[PDB]
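Only one chain is included here, represented as structure tokens and corresponding to the form deposited in one PDB entry.
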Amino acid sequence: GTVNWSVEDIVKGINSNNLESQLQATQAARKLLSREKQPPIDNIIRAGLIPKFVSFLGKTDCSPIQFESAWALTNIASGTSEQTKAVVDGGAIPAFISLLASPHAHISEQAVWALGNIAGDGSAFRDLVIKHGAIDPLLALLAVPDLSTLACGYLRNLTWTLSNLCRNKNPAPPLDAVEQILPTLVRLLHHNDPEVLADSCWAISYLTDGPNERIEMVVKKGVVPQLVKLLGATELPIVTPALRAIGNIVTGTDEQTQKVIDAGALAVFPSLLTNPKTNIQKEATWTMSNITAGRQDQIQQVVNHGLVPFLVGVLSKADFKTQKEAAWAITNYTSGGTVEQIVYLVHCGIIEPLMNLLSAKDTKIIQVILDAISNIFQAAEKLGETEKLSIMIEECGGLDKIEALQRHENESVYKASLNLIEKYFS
């Protein structure tokens, strides 16, 4: 009966000179700490129990107390940064790393989990886990011919802890640690479990959330095709990180973006840009905006795949954040596109929704839309068709909105609107 002990009884048992009494008390603590209703983490810490648990981690001759203390410490470290810090300050990192080699799979699993919480606290504890040498034994746990022979929960916990070692910025993880982990991530990205795939995609998204050199580290491993494939999955927990990673990658160079395009990503965007999940729509439109910011042949790929009508649709009706991303995509398109591509954009019906968005209470989207309109007018000048465009804008109510903006708080807004009026509506 280790259920519902008091902290005082736990302390009494752990302070006894009896390994079995200590084990029973440690299990009682584990059971307190594993209730969903307000576990008494701070009371356990204040009783001074963390150093005892950490020392129990080293009792190789009593594997059960290793396991119970590992679990208790896992749950303490799952709390606030101060509680995780309490676990770290007790010396838990090297003890858990030692436990990674345990012959008992449930114990090494618990150590993996604990290190995942510790590293998940943030950059400093992540890098400290790395400095203590966690990566080699973690990756050794996955050095088997077929991942399918590992227990599903075991593999999921390993994948999750590895993704926390890839997570956070300021600073990003050490480059050598990323290179050490990446091959195993690539292998996990081809495993058939949805949670393993989701967390692998999240790790990749972390590693691609940085400067072009980090993106290049990832892209060099050849994972973009697999990311596109996963972009097509039915499980939303997979699509979300796959799309995040793809978008991060297309914030890179035009060559990295091109690798996304070559893998066939654009063919998925008809569904992504109409996805019933608002966040998928937003992130797909953001990705598109960073593709229409590229080369004219890449804009042309967007055209060929039939995606301009979908951008018109998102501009016409979507969550406002998605509409703002769509306005960005349009401004990038018009800034980089040929005259013919901008003409095509107009023929797909961009003008009316663009104008309708000018009555929004967001200054940035107004600036973006006005820049787009200026680019389109420039193309029209190049064609000698500025009057056609003026009439089109006037017929849908855009001229009223622009003249109203002439008298707007922001400086860039009123300057750009007055310029447009004076230049094309006089």
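Don't overthink the numbering: it's just position in the shown sequence, from 1.
The form deposited with a partner chain bound is left out here; the points below concern that form.
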{"property": "Which of 90-98, 282-290, 264-272, 184-192 sits within 4.5 Å of the partner chain in the deposited complex, heavy atom basis", "result": "282-290"}
{"property": "Contact test in the deposited complex: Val223 vs the partner chain, heavy atoms, 4.5 Å", "result": "no"}
{"property": "Contact flag, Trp328 vs the partner chain in the deposited complex, heavy atom cut 4.5 Å", "result": "yes"}
{"property": "The partner chain contact at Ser102 in the deposited complex, heavy atom, 4.5 Å", "result": "no"}
{"property": "Exercise: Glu340 in contact with the partner chain in the deposited complex, heavy atom 4.5 Å", "result": "no"}
{"property": "Among the candidates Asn212, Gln300, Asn356, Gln180, the residue which, in the deposited complex, approaches the partner chain to within 4.5 Å (heavy atoms)", "result": "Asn212"}
{"property": "Output flag, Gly252, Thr257 and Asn332 jointly within 4.5 Å of the partner chain in the deposited complex, heavy atom basis", "result": "yes"}
